[PDB]
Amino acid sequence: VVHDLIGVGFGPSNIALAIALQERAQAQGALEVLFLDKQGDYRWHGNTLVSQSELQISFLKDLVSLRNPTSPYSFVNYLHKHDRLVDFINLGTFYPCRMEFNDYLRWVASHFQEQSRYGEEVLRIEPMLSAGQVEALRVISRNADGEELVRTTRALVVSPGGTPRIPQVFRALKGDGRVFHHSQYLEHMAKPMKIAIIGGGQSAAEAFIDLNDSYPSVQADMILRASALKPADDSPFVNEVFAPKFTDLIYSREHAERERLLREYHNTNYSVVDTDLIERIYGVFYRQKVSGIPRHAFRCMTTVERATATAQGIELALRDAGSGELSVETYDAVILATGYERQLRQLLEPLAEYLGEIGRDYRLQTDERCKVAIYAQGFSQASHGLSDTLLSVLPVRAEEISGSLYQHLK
């Protein structure tokens, strides 16, 4: 009945953690562990897996290799197990398609069937009081059939990923199927049509290229408030900001200096597009100048000031900061390629009375009444750096959280 650890989510963060726990098991004893994921059939951002979607990190930053290249869960071992390693080598790329990395993640996760529970959404975590002290946590979940489940645990790891960021102007249109966040792209995309894409980062660029390449009757407008698509910085000195060593460095810094570092290196990860994809998009617009056929529009320096549902489509009032002018365009669909927030608090709401920043070891600081350990993954960019929301340091974070957990449970 009483688990050692329950995890919210079984994406890369918690899969990497399950591996690190398994490595420690022989020397330190196997723990009683469950990871719950709301997806019935696990995919890694499955509704974003368009034909042109390259991984934006080296395959060597897989779930294990930075810690343990001899792990059977390395991307290289995965290829070898699928009789594909020589073929992959002939490709000569560090960047597999995201569809292949999705297959890799599913393959790794399929080794943890005793620990995973799919189709279970965690709704809230409650304190189990015993003589005034929180000795355990109640994890309340709902399965796909709508049944409630209640489980008990000594420790919790919260790794639910981000939530879609919706600009305020589009909030009134929640529930209108014509407006959707890029995270649901494939679900909604599944006859001359006009589609607006809001944003100018990697997701907006991928959405645009997919429309251009696969939906010949779609006229796409990239609507971005910034002046240009700008390239993602992965040059090698800059890229050291993702190294495991940087985690210690940023954590050691005072708050003003942490914020300065994050501002300085913002363009390694946010509001930026892979250089080759920028060149591809620029080429699409350049060819329109050659042909005189303006299928698509690049609306830079443009802000959506109003968005209204009409019988004819979604009407957007567009302010061009270059000219100060307002125009009105109507679209058949609007894709919000506007990224994600990391906040996660109905989940942890019943524990608000006991909470504090996060520790170096990713443990939420609680007052002395709380005897249980709660960890969170992907919510600590402010203190641990730009690797926090990415695949970048997962093998090392997994070793760090798993170490701390054993130390706590000893």
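Start at 1 with the first residue shown and count on from there.
Q: Might you work out how many residues are unmodelled in the deposited sequence between residue 190 and residue 191, and answer none, 1 to 3, 4 to 9, or 10 or more?
A: The entry leaves 4 to 9 residues without coordinates here.
Q: Residues with no coordinates between residue 356 and residue 357 in the deposited sequence, how many: none, 1 to 3, 4 to 9, or 10 or more?
A: Just 1 to 3 residues are missing between them.
Q: With respect to the recorded C-alpha B factors, which stretch has the higher mean value, 390 to 398 or 18 to 26?
A: Comparing 390 to 398 with 18 to 26, the higher average CA B-factor belongs to 18 to 26.
Q: Given the B-factors recorded for C-alpha atoms, which segment has the greater mean, 139 to 147 or 224 to 232?
A: Higher of the two, by average CA B-factor, is 139 to 147.
Q: At the C-alpha atoms, which of 79, 337, 125, 99 reaches the highest B-factor in this entry?
A: If I rank 79, 337, 125, 99 by C-alpha B-factor, first place goes to 125.
Q: When the CA B-factors of 165, 253, 296, 106 are compared as recorded in the entry, which is the largest?
A: Result of the comparison over 165, 253, 296, 106: 253.
Q: Which third, lowest, middle or highest, does the CA B-factor of residue 92 fall in along this chain?
A: Tercile = middle for this residue's CA B-factor.
Q: Splitting the chain's C-alpha B-factors into thirds, which one does residue 280 fall into?
A: Lowest third - that is where residue 280 ends up once the chain's C-alpha B-factors are sorted.
Q: Considering only modelled residues of the same chain, in which third does the CA B-factor of residue 49 rank: lowest, middle or highest?
A: Within its chain, residue 49 is a middle-third residue by C-alpha B-factor, going by the deposited values.
Q: Can you tell me whether residue 58 has a C-alpha B-factor in the lowest, middle or highest third compared with the other modelled residues of the same chain?
A: Within its chain, residue 58 is a lowest-third residue by C-alpha B-factor, going by the deposited values.
Q: Divide the modelled residues of the chain into thirds by Cα B-factor and specify which third, lowest, middle or highest, holds residue 186.
A: Middle third, going by the recorded CA B-factors of the chain.
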